[PDB]
Amino acid sequence: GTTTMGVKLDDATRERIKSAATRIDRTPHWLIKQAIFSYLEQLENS
Amino acid sequence: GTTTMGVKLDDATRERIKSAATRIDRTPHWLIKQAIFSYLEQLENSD
């Protein structure tokens with residue numbers, strides 16, 4: 001029960017993700033999932 | 001330019017995104033992008 005979804009991002013955003021992930025010793029993939037869970041927690045909380 | 005990167009999501013996460021996106025009149029793709037923007041801003045800001 002796992003699927004790969006494509007997210008279309010401009011190069012500026014991609015580079016922001018890469019830089020941020022490295023700083024926190026994470027992969028860009030982790031960073032995106034963390035982003036998703038954080039935003040979902042904020043929407044679902046209400 | 002533009003790049004497409006694959007995010008590996010389990011079905012529970014995929015359905016949560018779909019449900020929440022519909023509730024806010026958006027697509028799952030938009031929601032993921034918004035999540036990214038919001039998280040990056042919080043990550044980049046000085047406290």
# chains A, B, ... in the order shown; residues from 1 in each chain; ligands from 1
>>> residues_around(residues="residue A:8", least_positions_apart="3", cutoff="9 Å", atoms="only C-alpha atoms", output="VMD selection string")
chain B and resid 2 to 6 29 33
>>> write_last_selection(atoms="C-alpha atoms", output="PDB file, in the first residue's frame")
ATOM      1  CA  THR B   2      10.546  22.831 -13.698  1.00  0.00           C
ATOM      2  CA  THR B   3      11.330  19.411 -12.214  1.00  0.00           C
ATOM      3  CA  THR B   4       8.953  16.583 -11.247  1.00  0.00           C
ATOM      4  CA  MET B   5       9.985  14.538  -8.216  1.00  0.00           C
ATOM      5  CA  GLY B   6       8.240  11.399  -7.008  1.00  0.00           C
ATOM      6  CA  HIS B  29      -1.053  18.394  -5.886  1.00  0.00           C
ATOM      7  CA  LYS B  33       2.877  22.206  -2.851  1.00  0.00           C
TER       8      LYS B  33
END
>>> residues_around(residues="residue A:3", least_positions_apart="6", cutoff="10 Å", atoms="only C-alpha atoms", output="number ranges by chain")
B: 6-11, 14
>>> interface_residues(of="chain A", to="chain B", cutoff="6 Å", atoms="only C-alpha atoms", output="list in words")
residues 1, 2, 3, 4, 5, 6, 7, 8, 9, 10, 11, 35, 36 and 39 of chain A
>>> select_by_dssp(residues="chain A", states="strand (DSSP E)", output="PyMOL selection string")
chain A and resi 2-10
>>> atom_distance(atom1="atom CA of residue A:28", atom2="atom CA of residue A:14")
8.7 Å
>>> atom_distance(atom1="atom CA of residue B:27", atom2="atom CA of residue A:15")
23.7 Å
>>> atom_distance(atom1="atom CA of residue A:18", atom2="atom CA of residue A:32")
10.4 Å
>>> select_by_dssp(residues="chain B", states="alpha helix (DSSP H)", output="count of residues only")
30
